[PDB]
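Student: Provided herewith is a single structure, encoded as structure tokens, for subsequent inquiry.
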Amino acid sequence: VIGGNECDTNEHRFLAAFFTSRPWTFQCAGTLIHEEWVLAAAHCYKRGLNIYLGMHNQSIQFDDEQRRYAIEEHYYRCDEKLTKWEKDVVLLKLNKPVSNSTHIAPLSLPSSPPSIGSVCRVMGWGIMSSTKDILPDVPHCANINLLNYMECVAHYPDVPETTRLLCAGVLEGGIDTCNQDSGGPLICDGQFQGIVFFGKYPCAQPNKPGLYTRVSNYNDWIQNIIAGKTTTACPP
Ligand SMILES: *[C@@H]1O[C@H](CO[C@@H]2O[C@@H](C)[C@@H](O)[C@@H](O)[C@@H]2O)[C@@H](O[C@@H]2O[C@H](CO)[C@@H](O[C@@H]3O[C@H](CO[C@H]4O[C@H](CO)[C@@H](O)[C@H](O)[C@@H]4O)[C@@H](O)[C@H](O)[C@@H]3O)[C@H](O)[C@H]2NC(C)=O)[C@H](O)[C@H]1NC(C)=O
Ligand SMILES: *[C@@H]1O[C@H](CO[C@@H]2O[C@@H](C)[C@@H](O)[C@@H](O)[C@@H]2O)[C@@H](O[C@@H]2O[C@H](CO)[C@@H](O[C@@H]3O[C@H](CO)[C@@H](O)[C@H](O)[C@@H]3O)[C@H](O)[C@H]2NC(C)=O)[C@H](O)[C@H]1NC(C)=O
């Protein structure tokens with residue numbers, strides 16, 4: 001996250017961190033949405049990653065930190081016509097539930113639709129400088145705006161027209177998500193509305209907002225999987 005500051009230690013209790021085992025290296029983030037389910041981005045997740053809940057400073061282990069791994073890995077396979085840009089979610093079931101604690105609590109799926117002009121919180125351990133690829137040991141937080149999708153469409157020729165992505169950022173530049181913020185939540189007006197996907201590098205350029213996976217498209221699908229539906233998960 002560029003143009004922000006270190007997050008408050010208690011304002012990201014839903015933020016999950018993915019690590020490889022050896023070496024022990026931060027990969028990306030995810031969102032705890034349920035005591036035993038995490039929602040992440042398909043493009044940065046790979047099998048066997050360690051999942052940490054209740055992490056702030058990567059060099060510190062809080063007394064309530066919990067480590068898990070995925071026992072189930074659900075990709076969105078409902079519409080073969082959707083491009084890779086339109087289905088970048090992975091729903092992970094944890095090997096064991098995590099109870100609430102000082103630094104751990106799930107974030108609910110959005111209960112109202114996203115609205116242009118909202119102020120959106122972004123957070124992550126990703127690159128925090130637009131001039132140097134500096135990765136912090138603590139997560140950084142910042143505010144951006146949910147923008148008209150028109151503000152993004154012209155900058156991503158490779159991405160076809162879609163309704164399944166959100167355009168968010170700061171048009172004057174200076175504030176943006178960057179590499180390895182992938183998978184983190186975009187929280188607009190208190191609602192989990194987006195997942196960090198991709199933008200432009202260098203990051204935080206003027207009039208170069210990023211695209212975010214639109215969470216609300218997946219509510220029914222996620223809830224069905226959590227409810228135990230195997231087949232029947234997708235819509236008819
Ligand atoms: C562990 O903590 C989470 C609470 O999540 C926190 O909520 C508060 C306490 C803040 O501290 C936030 O920072 C955290 O996000 C608990 O789960 C939440 O329970 C609360 C109950 O108060 C739910 O919030 C309410 O939801 C009402 C409707 O509930 C139903 O709909 C939602 C879906 O939107 C669904 O999640 C829930 O299961 C029911 O289906 C709503 O009318 C009300 O206005 C308010 O929004 C919230 O939905 C729960 N969140 C999640 C992610 O499940 C656990 O209760 C808690 N464990 C315990 C036992 O302490
Ligand atoms: C994320 O956390 C790390 C971990 O360091 C912590 O250090 C203490 C404050 C305790 O909280 C420990 O539990 C924990 O390991 C932070 O890195 C550390 O920063 C401190 C304070 O700046 C550094 O102290 C330096 O020590 C050297 C000698 O090596 C002197 O020359 C320095 O002038 C100064 O005393 C410490 O070196 C550094 N430690 C390690 C292991 O890296 C880090 O600051 C923190 N991140 C943020 C953003 O807060």
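Within each chain, counting starts at residue 1; across the structure tokens, chains are named A, B, ... in the order shown, with ligands numbered 1 upward in that order.
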Check which residues fall inside 8 Å of ligand 2 when counting only C-alpha atoms and all ligand atoms, and print them as a list in words.

Tutor: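 Here is the list of contacting residues: residues 6, 57, 58, 59, 60, 136, 137 and 138 of chain A.
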
Student: Write out as number ranges by chain the residues lying within 7 Å of residue 104 in chain A, counting only C-alpha atoms and excluding same-chain residues fewer than 4 positions away.

Tutor: A: 13-14, 53-54, 100

Student: Excluding range 28-43 of chain A and residues on its chain fewer than 2 positions from it, collect all residues at most 7 Å away from it, counting only C-alpha atoms, and give them as a list in words.

Tutor: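 Here the answer would be residues 14, 15, 16, 17, 18, 26, 45, 88, 89, 90, 91, 92, 93, 94, 96, 97, 98, 99, 106, 107, 108, 109, 124, 180, 181, 182, 183, 184 and 185 of chain A.
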
Student: So that I have them on file, write out the residues from the current selection with N, CA and C atoms, as a PDB file, in the first residue's frame.

Tutor:
ATOM      1  N   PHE A  14      -9.521  -9.362  10.539  1.00  0.00           N
ATOM      2  CA  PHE A  14      -9.939 -10.283   9.491  1.00  0.00           C
ATOM      3  C   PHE A  14      -8.850 -10.531   8.457  1.00  0.00           C
ATOM      4  N   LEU A  15      -7.714  -9.842   8.556  1.00  0.00           N
ATOM      5  CA  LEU A  15      -6.700  -9.893   7.512  1.00  0.00           C
ATOM      6  C   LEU A  15      -5.812 -11.116   7.703  1.00  0.00           C
ATOM      7  N   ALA A  16      -5.790 -11.989   6.701  1.00  0.00           N
ATOM      8  CA  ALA A  16      -4.968 -13.190   6.719  1.00  0.00           C
ATOM      9  C   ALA A  16      -3.703 -12.975   5.895  1.00  0.00           C
ATOM     10  N   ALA A  17      -2.625 -13.644   6.301  1.00  0.00           N
ATOM     11  CA  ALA A  17      -1.341 -13.571   5.611  1.00  0.00           C
ATOM     12  C   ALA A  17      -0.916 -14.962   5.162  1.00  0.00           C
ATOM     13  N   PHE A  18      -0.467 -15.067   3.912  1.00  0.00           N
ATOM     14  CA  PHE A  18       0.000 -16.323   3.338  1.00  0.00           C
ATOM     15  C   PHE A  18       1.522 -16.327   3.274  1.00  0.00           C
ATOM     16  N   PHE A  26       6.607 -14.024   2.991  1.00  0.00           N
ATOM     17  CA  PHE A  26       5.243 -13.553   2.780  1.00  0.00           C
ATOM     18  C   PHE A  26       4.902 -13.554   1.296  1.00  0.00           C
ATOM     19  N   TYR A  45      -2.544 -17.245  -4.784  1.00  0.00           N
ATOM     20  CA  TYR A  45      -2.579 -18.400  -3.899  1.00  0.00           C
ATOM     21  C   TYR A  45      -2.049 -19.636  -4.610  1.00  0.00           C
ATOM     22  N   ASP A  88     -11.343 -14.225 -10.227  1.00  0.00           N
ATOM     23  CA  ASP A  88     -10.068 -14.369  -9.524  1.00  0.00           C
ATOM     24  C   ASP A  88     -10.262 -14.589  -8.025  1.00  0.00           C
ATOM     25  N   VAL A  89     -11.165 -15.495  -7.657  1.00  0.00           N
ATOM     26  CA  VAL A  89     -11.416 -15.824  -6.259  1.00  0.00           C
ATOM     27  C   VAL A  89     -10.997 -17.262  -5.997  1.00  0.00           C
ATOM     28  N   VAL A  90     -10.560 -17.513  -4.766  1.00  0.00           N
ATOM     29  CA  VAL A  90     -10.410 -18.867  -4.251  1.00  0.00           C
ATOM     30  C   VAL A  90     -10.974 -18.880  -2.840  1.00  0.00           C
ATOM     31  N   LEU A  91     -11.868 -19.824  -2.565  1.00  0.00           N
ATOM     32  CA  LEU A  91     -12.476 -19.964  -1.249  1.00  0.00           C
ATOM     33  C   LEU A  91     -11.807 -21.132  -0.534  1.00  0.00           C
ATOM     34  N   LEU A  92     -11.179 -20.842   0.603  1.00  0.00           N
ATOM     35  CA  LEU A  92     -10.359 -21.802   1.331  1.00  0.00           C
ATOM     36  C   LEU A  92     -11.047 -22.184   2.632  1.00  0.00           C
ATOM     37  N   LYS A  93     -11.157 -23.485   2.883  1.00  0.00           N
ATOM     38  CA  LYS A  93     -11.610 -23.995   4.170  1.00  0.00           C
ATOM     39  C   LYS A  93     -10.390 -24.307   5.022  1.00  0.00           C
ATOM     40  N   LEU A  94     -10.392 -23.815   6.256  1.00  0.00           N
ATOM     41  CA  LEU A  94      -9.257 -24.002   7.144  1.00  0.00           C
ATOM     42  C   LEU A  94      -9.299 -25.382   7.792  1.00  0.00           C
ATOM     43  N   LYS A  96      -8.911 -26.138  10.681  1.00  0.00           N
ATOM     44  CA  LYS A  96      -9.525 -26.048  11.977  1.00  0.00           C
ATOM     45  C   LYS A  96     -10.075 -24.651  12.183  1.00  0.00           C
ATOM     46  N   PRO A  97     -11.141 -24.481  12.920  1.00  0.00           N
ATOM     47  CA  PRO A  97     -11.680 -23.128  13.086  1.00  0.00           C
ATOM     48  C   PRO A  97     -10.744 -22.247  13.899  1.00  0.00           C
ATOM     49  N   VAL A  98     -10.940 -20.937  13.766  1.00  0.00           N
ATOM     50  CA  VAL A  98     -10.269 -19.949  14.601  1.00  0.00           C
ATOM     51  C   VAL A  98     -11.337 -19.195  15.376  1.00  0.00           C
ATOM     52  N   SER A  99     -11.150 -19.090  16.684  1.00  0.00           N
ATOM     53  CA  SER A  99     -12.053 -18.329  17.528  1.00  0.00           C
ATOM     54  C   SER A  99     -11.630 -16.867  17.544  1.00  0.00           C
ATOM     55  N   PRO A 106     -13.789 -12.550  11.997  1.00  0.00           N
ATOM     56  CA  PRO A 106     -14.136 -12.608  10.574  1.00  0.00           C
ATOM     57  C   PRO A 106     -14.867 -11.361  10.100  1.00  0.00           C
ATOM     58  N   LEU A 107     -14.747 -11.114   8.797  1.00  0.00           N
ATOM     59  CA  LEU A 107     -15.417 -10.013   8.117  1.00  0.00           C
ATOM     60  C   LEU A 107     -16.530 -10.571   7.241  1.00  0.00           C
ATOM     61  N   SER A 108     -17.745 -10.068   7.434  1.00  0.00           N
ATOM     62  CA  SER A 108     -18.895 -10.612   6.728  1.00  0.00           C
ATOM     63  C   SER A 108     -18.882 -10.204   5.258  1.00  0.00           C
ATOM     64  N   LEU A 109     -19.493 -11.049   4.429  1.00  0.00           N
ATOM     65  CA  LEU A 109     -19.730 -10.696   3.043  1.00  0.00           C
ATOM     66  C   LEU A 109     -20.624  -9.459   2.984  1.00  0.00           C
ATOM     67  N   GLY A 124      -2.498  -3.955   3.433  1.00  0.00           N
ATOM     68  CA  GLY A 124      -1.676  -5.083   3.047  1.00  0.00           C
ATOM     69  C   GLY A 124      -0.228  -4.871   3.425  1.00  0.00           C
ATOM     70  N   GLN A 180       1.846  -7.568  -4.117  1.00  0.00           N
ATOM     71  CA  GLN A 180       1.722  -8.385  -2.909  1.00  0.00           C
ATOM     72  C   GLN A 180       0.697  -7.811  -1.938  1.00  0.00           C
ATOM     73  N   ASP A 181      -0.051  -6.779  -2.334  1.00  0.00           N
ATOM     74  CA  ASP A 181      -1.321  -6.473  -1.688  1.00  0.00           C
ATOM     75  C   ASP A 181      -2.441  -7.385  -2.172  1.00  0.00           C
ATOM     76  N   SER A 182      -2.175  -8.209  -3.187  1.00  0.00           N
ATOM     77  CA  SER A 182      -3.175  -9.113  -3.743  1.00  0.00           C
ATOM     78  C   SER A 182      -3.878  -9.905  -2.649  1.00  0.00           C
ATOM     79  N   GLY A 183      -5.191 -10.073  -2.811  1.00  0.00           N
ATOM     80  CA  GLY A 183      -5.990 -10.865  -1.903  1.00  0.00           C
ATOM     81  C   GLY A 183      -6.574 -10.102  -0.735  1.00  0.00           C
ATOM     82  N   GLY A 184      -6.055  -8.913  -0.439  1.00  0.00           N
ATOM     83  CA  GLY A 184      -6.545  -8.125   0.664  1.00  0.00           C
ATOM     84  C   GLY A 184      -7.929  -7.573   0.389  1.00  0.00           C
ATOM     85  N   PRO A 185      -8.652  -7.204   1.447  1.00  0.00           N
ATOM     86  CA  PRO A 185     -10.014  -6.693   1.266  1.00  0.00           C
ATOM     87  C   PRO A 185     -10.060  -5.203   0.969  1.00  0.00           C
TER      88      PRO A 185
END

Student: Taking only C-alpha atoms into account, name the residue in A:65, A:80, A:189, A:176 that is nearest to residue 140 in chain A.

Tutor: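 Using only C-alpha atoms, residue 140 in chain A sits closest to A:176.
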
Student: What's the separation between CA of residue 112 in chain A and CA of residue 210 in chain A, in Å to one decimal place?

Tutor: 21.8 Å

Student: Run DSSP on the backbone of this structure and report the residues of range 159-227 of chain A it assigns to alpha helix (DSSP H), as a list in words.

Tutor: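 The alpha helix (DSSP H) subset of range 159-227 of chain A is residues 219, 220, 221, 222, 223, 224, 225 and 226 of chain A.
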
Student: Suppose we keep N, CA and C atoms; can you now write the selection as a PDB file, in the first residue's frame?

Tutor:
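That gives us part.pdb:
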ATOM      1  N   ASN A 219     -21.454 -13.819  -3.315  1.00  0.00           N
ATOM      2  CA  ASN A 219     -22.121 -14.078  -2.042  1.00  0.00           C
ATOM      3  C   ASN A 219     -22.876 -15.402  -2.065  1.00  0.00           C
ATOM      4  N   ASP A 220     -23.805 -15.560  -3.013  1.00  0.00           N
ATOM      5  CA  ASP A 220     -24.617 -16.774  -3.050  1.00  0.00           C
ATOM      6  C   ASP A 220     -23.751 -18.015  -3.218  1.00  0.00           C
ATOM      7  N   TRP A 221     -22.732 -17.936  -4.072  1.00  0.00           N
ATOM      8  CA  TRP A 221     -21.864 -19.086  -4.312  1.00  0.00           C
ATOM      9  C   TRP A 221     -21.086 -19.464  -3.054  1.00  0.00           C
ATOM     10  N   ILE A 222     -20.511 -18.471  -2.370  1.00  0.00           N
ATOM     11  CA  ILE A 222     -19.746 -18.744  -1.153  1.00  0.00           C
ATOM     12  C   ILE A 222     -20.646 -19.346  -0.082  1.00  0.00           C
ATOM     13  N   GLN A 223     -21.806 -18.727   0.147  1.00  0.00           N
ATOM     14  CA  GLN A 223     -22.701 -19.191   1.202  1.00  0.00           C
ATOM     15  C   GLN A 223     -23.144 -20.630   0.962  1.00  0.00           C
ATOM     16  N   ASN A 224     -23.382 -21.000  -0.298  1.00  0.00           N
ATOM     17  CA  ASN A 224     -23.778 -22.371  -0.597  1.00  0.00           C
ATOM     18  C   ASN A 224     -22.656 -23.351  -0.280  1.00  0.00           C
ATOM     19  N   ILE A 225     -21.419 -23.007  -0.643  1.00  0.00           N
ATOM     20  CA  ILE A 225     -20.287 -23.881  -0.346  1.00  0.00           C
ATOM     21  C   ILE A 225     -20.117 -24.028   1.160  1.00  0.00           C
ATOM     22  N   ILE A 226     -20.176 -22.911   1.887  1.00  0.00           N
ATOM     23  CA  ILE A 226     -20.081 -22.968   3.343  1.00  0.00           C
ATOM     24  C   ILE A 226     -21.214 -23.811   3.914  1.00  0.00           C
TER      25      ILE A 226
END

Student: Applying 12 Å and only C-alpha atoms, which residues near residue 5 in chain A remain after dropping the ones on its own chain fewer than 4 positions away? List them as a list in words.

Tutor: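 Returned residues: residues 1, 9, 121, 122, 123, 124, 125, 128, 129, 136, 138, 139, 140, 141, 142, 143 and 175 of chain A.
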
Student: Write out the residues from the selection above, keeping C-alpha atoms, as a CSV table (one decimal), in the first residue's frame.

Tutor:
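Written file, out_22.csv:
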chain,number,residue,atom,x,y,z
A,1,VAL,CA,0.0,0.0,0.0
A,9,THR,CA,-3.0,-3.0,15.3
A,121,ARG,CA,-10.1,1.2,3.1
A,122,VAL,CA,-7.2,-0.8,1.6
A,123,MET,CA,-4.6,-2.7,3.6
A,124,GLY,CA,-1.7,-5.1,3.0
A,125,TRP,CA,2.0,-5.9,3.4
A,128,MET,CA,4.8,0.7,0.0
A,129,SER,CA,6.8,3.0,-2.2
A,136,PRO,CA,7.1,-3.5,5.1
A,138,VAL,CA,3.8,-4.4,9.2
A,139,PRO,CA,0.6,-3.8,7.1
A,140,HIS,CA,-0.1,-0.4,5.8
A,141,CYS,CA,-3.6,1.1,5.5
A,142,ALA,CA,-5.0,3.9,3.3
A,143,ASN,CA,-8.2,5.3,1.9
A,175,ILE,CA,-2.3,6.4,-3.0

Student: Please provide the set of residues having any atom within 10 Å of residue 207 in chain A, restricted to only C-alpha atoms, with same-chain residues fewer than 3 positions apart removed, written as a PyMOL selection string.

Tutor: chain A and resi 151-152+155+169-173+204+210

Student: Taking 2 positions as the minimum chain separation for residues in the same chain, which residues sit within 12 Å of residue 156 in chain A when counting only C-alpha atoms? Answer as a list in words.

Tutor: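 Here the qualifying residues turn out to be residues 85, 149, 150, 151, 152, 153, 154, 158, 159, 160, 161, 162, 167, 198, 199, 200, 208, 209, 210 and 211 of chain A.
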
Student: Which is closest to ligand 1 among A:44, A:105, A:234, A:119, if we use only C-alpha atoms and all ligand atoms?

Tutor: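 Once distances to ligand 1 are computed over only C-alpha atoms and all ligand atoms, the minimum belongs to A:105.
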
Student: Record the distance separating CA of residue 49 in chain A and CA of residue 23 in chain A, expressed in Å with one decimal.

Tutor: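 CA of residue 23 in chain A lies 11.5 Å from CA of residue 49 in chain A.
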
Student: With a distance cut-off of 12 Å and only C-alpha atoms, select the neighbouring residues of residue 132 in chain A, excluding the residue or stretch itself and same-chain residues fewer than 3 positions from it, and output the selection as a list in words.

Tutor: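 Final neighbour list, sorted by chain and number: residues 2, 126, 127, 128, 129, 135, 136, 178, 179, 201, 202 and 203 of chain A.
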
Student: Can you list, as a PyMOL selection string, all residues belonging to range 40-200 of chain A that DSSP tags as strand (DSSP E)?

Tutor: chain A and resi 40-41+50-53+66-68+70-75+89-94+119-124+140-147+165-169+185-188+191-198

Student: I need the residues from that last selection saved to file as a compact mmCIF listing (two decimals), in the first residue's frame (with N, CA and C atoms), if you can.

Tutor:
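The file below, result-v7.txt, is the result:
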# COMPACT_ATOMS: atom_id res chain seq x y z
N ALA A 40 -9.71 -15.46 -0.79
CA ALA A 40 -8.44 -14.95 -1.28
C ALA A 40 -8.53 -14.78 -2.80
N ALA A 41 -7.42 -14.34 -3.39
CA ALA A 41 -7.32 -14.14 -4.83
C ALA A 41 -6.67 -15.36 -5.46
N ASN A 50 1.12 -21.54 4.15
CA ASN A 50 0.69 -21.34 5.53
C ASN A 50 -0.22 -20.13 5.62
N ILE A 51 -1.26 -20.25 6.44
CA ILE A 51 -2.25 -19.19 6.61
C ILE A 51 -2.19 -18.72 8.06
N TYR A 52 -1.87 -17.44 8.25
CA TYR A 52 -1.74 -16.85 9.58
C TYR A 52 -2.88 -15.87 9.82
N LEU A 53 -3.58 -16.05 10.93
CA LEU A 53 -4.58 -15.11 11.41
C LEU A 53 -4.05 -14.42 12.66
N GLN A 66 -2.80 -17.41 15.16
CA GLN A 66 -3.21 -18.75 14.77
C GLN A 66 -2.67 -19.07 13.38
N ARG A 67 -2.16 -20.29 13.22
CA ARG A 67 -1.67 -20.78 11.94
C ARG A 67 -2.58 -21.90 11.44
N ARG A 68 -2.91 -21.86 10.15
CA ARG A 68 -3.80 -22.84 9.54
C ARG A 68 -3.29 -23.16 8.14
N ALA A 70 -5.13 -24.72 4.14
CA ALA A 70 -6.36 -25.01 3.43
C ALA A 70 -6.53 -26.51 3.25
N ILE A 71 -7.71 -27.02 3.62
CA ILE A 71 -8.05 -28.42 3.39
C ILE A 71 -8.94 -28.51 2.16
N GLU A 72 -9.69 -27.44 1.88
CA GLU A 72 -10.48 -27.32 0.66
C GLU A 72 -10.09 -26.04 -0.07
N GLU A 73 -10.09 -26.10 -1.40
CA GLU A 73 -9.71 -24.96 -2.24
C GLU A 73 -10.72 -24.89 -3.38
N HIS A 74 -11.64 -23.94 -3.30
CA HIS A 74 -12.74 -23.82 -4.25
C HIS A 74 -12.47 -22.67 -5.21
N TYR A 75 -12.39 -22.99 -6.50
CA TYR A 75 -12.31 -21.99 -7.55
C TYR A 75 -13.67 -21.84 -8.22
N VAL A 89 -11.16 -15.50 -7.66
CA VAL A 89 -11.42 -15.82 -6.26
C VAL A 89 -11.00 -17.26 -6.00
N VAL A 90 -10.56 -17.51 -4.77
CA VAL A 90 -10.41 -18.87 -4.25
C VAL A 90 -10.97 -18.88 -2.84
N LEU A 91 -11.87 -19.82 -2.57
CA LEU A 91 -12.48 -19.96 -1.25
C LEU A 91 -11.81 -21.13 -0.53
N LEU A 92 -11.18 -20.84 0.60
CA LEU A 92 -10.36 -21.80 1.33
C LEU A 92 -11.05 -22.18 2.63
N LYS A 93 -11.16 -23.48 2.88
CA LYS A 93 -11.61 -23.99 4.17
C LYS A 93 -10.39 -24.31 5.02
N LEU A 94 -10.39 -23.82 6.26
CA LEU A 94 -9.26 -24.00 7.14
C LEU A 94 -9.30 -25.38 7.79
N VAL A 119 -15.90 5.81 0.28
CA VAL A 119 -14.52 5.79 0.73
C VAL A 119 -14.16 4.36 1.11
N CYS A 120 -13.07 3.84 0.54
CA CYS A 120 -12.70 2.44 0.67
C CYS A 120 -11.36 2.33 1.38
N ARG A 121 -11.31 1.47 2.40
CA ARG A 121 -10.07 1.16 3.09
C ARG A 121 -9.36 0.02 2.35
N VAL A 122 -8.07 0.20 2.09
CA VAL A 122 -7.21 -0.85 1.57
C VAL A 122 -6.09 -1.07 2.57
N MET A 123 -5.54 -2.29 2.57
CA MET A 123 -4.56 -2.69 3.56
C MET A 123 -3.76 -3.87 3.02
N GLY A 124 -2.50 -3.95 3.43
CA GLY A 124 -1.68 -5.08 3.05
C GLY A 124 -0.23 -4.87 3.42
N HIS A 140 0.24 -1.77 5.95
CA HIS A 140 -0.09 -0.36 5.78
C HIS A 140 -1.53 -0.23 5.31
N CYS A 141 -2.18 0.84 5.77
CA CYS A 141 -3.58 1.12 5.49
C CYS A 141 -3.72 2.49 4.82
N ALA A 142 -4.72 2.62 3.96
CA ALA A 142 -4.98 3.89 3.29
C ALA A 142 -6.42 3.91 2.80
N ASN A 143 -6.88 5.12 2.46
CA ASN A 143 -8.22 5.34 1.94
C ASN A 143 -8.16 5.71 0.47
N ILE A 144 -9.04 5.10 -0.32
CA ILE A 144 -9.22 5.42 -1.73
C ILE A 144 -10.72 5.56 -1.99
N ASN A 145 -11.07 5.92 -3.22
CA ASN A 145 -12.46 6.14 -3.60
C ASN A 145 -12.93 5.08 -4.58
N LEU A 146 -14.17 4.64 -4.40
CA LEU A 146 -14.82 3.80 -5.40
C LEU A 146 -15.23 4.67 -6.58
N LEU A 147 -14.64 4.43 -7.74
CA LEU A 147 -14.79 5.29 -8.90
C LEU A 147 -15.69 4.64 -9.94
N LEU A 165 -16.01 -6.41 -11.85
CA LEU A 165 -14.85 -5.75 -11.27
C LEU A 165 -15.23 -4.35 -10.81
N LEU A 166 -14.53 -3.88 -9.78
CA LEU A 166 -14.71 -2.54 -9.24
C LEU A 166 -13.48 -1.70 -9.55
N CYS A 167 -13.72 -0.44 -9.90
CA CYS A 167 -12.66 0.54 -10.15
C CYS A 167 -12.52 1.41 -8.91
N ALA A 168 -11.31 1.46 -8.35
CA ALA A 168 -11.08 2.23 -7.13
C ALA A 168 -9.66 2.77 -7.12
N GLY A 169 -9.51 3.92 -6.47
CA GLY A 169 -8.20 4.54 -6.34
C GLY A 169 -8.35 6.04 -6.10
N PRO A 185 -8.65 -7.20 1.45
CA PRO A 185 -10.01 -6.69 1.27
C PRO A 185 -10.06 -5.20 0.97
N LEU A 186 -11.01 -4.84 0.11
CA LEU A 186 -11.38 -3.45 -0.14
C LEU A 186 -12.69 -3.20 0.59
N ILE A 187 -12.65 -2.37 1.63
CA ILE A 187 -13.77 -2.19 2.54
C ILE A 187 -14.31 -0.78 2.31
N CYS A 188 -15.43 -0.69 1.60
CA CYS A 188 -16.04 0.57 1.21
C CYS A 188 -17.25 0.83 2.09
N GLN A 191 -18.26 -2.00 4.24
CA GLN A 191 -18.65 -3.26 3.62
C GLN A 191 -17.49 -3.87 2.84
N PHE A 192 -17.33 -5.18 2.99
CA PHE A 192 -16.37 -5.97 2.22
C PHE A 192 -16.82 -6.06 0.77
N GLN A 193 -16.37 -5.12 -0.08
CA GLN A 193 -16.87 -5.03 -1.44
C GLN A 193 -15.89 -5.52 -2.50
N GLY A 194 -14.59 -5.57 -2.21
CA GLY A 194 -13.63 -5.92 -3.24
C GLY A 194 -12.43 -6.66 -2.69
N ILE A 195 -11.72 -7.32 -3.61
CA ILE A 195 -10.45 -7.99 -3.32
C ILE A 195 -9.39 -7.39 -4.23
N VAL A 196 -8.23 -7.08 -3.66
CA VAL A 196 -7.14 -6.52 -4.44
C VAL A 196 -6.77 -7.48 -5.56
N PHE A 197 -6.76 -6.97 -6.79
CA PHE A 197 -6.45 -7.78 -7.96
C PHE A 197 -5.19 -7.26 -8.64
N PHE A 198 -5.31 -6.22 -9.45
CA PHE A 198 -4.16 -5.70 -10.17
C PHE A 198 -4.39 -4.24 -10.53

Student: With only C-alpha atoms and all ligand atoms as the atoms that count, which of A:235, A:174, A:206, A:110 lies nearest to ligand 1?

Tutor: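 Using only C-alpha atoms and all ligand atoms, ligand 1 sits closest to A:110.
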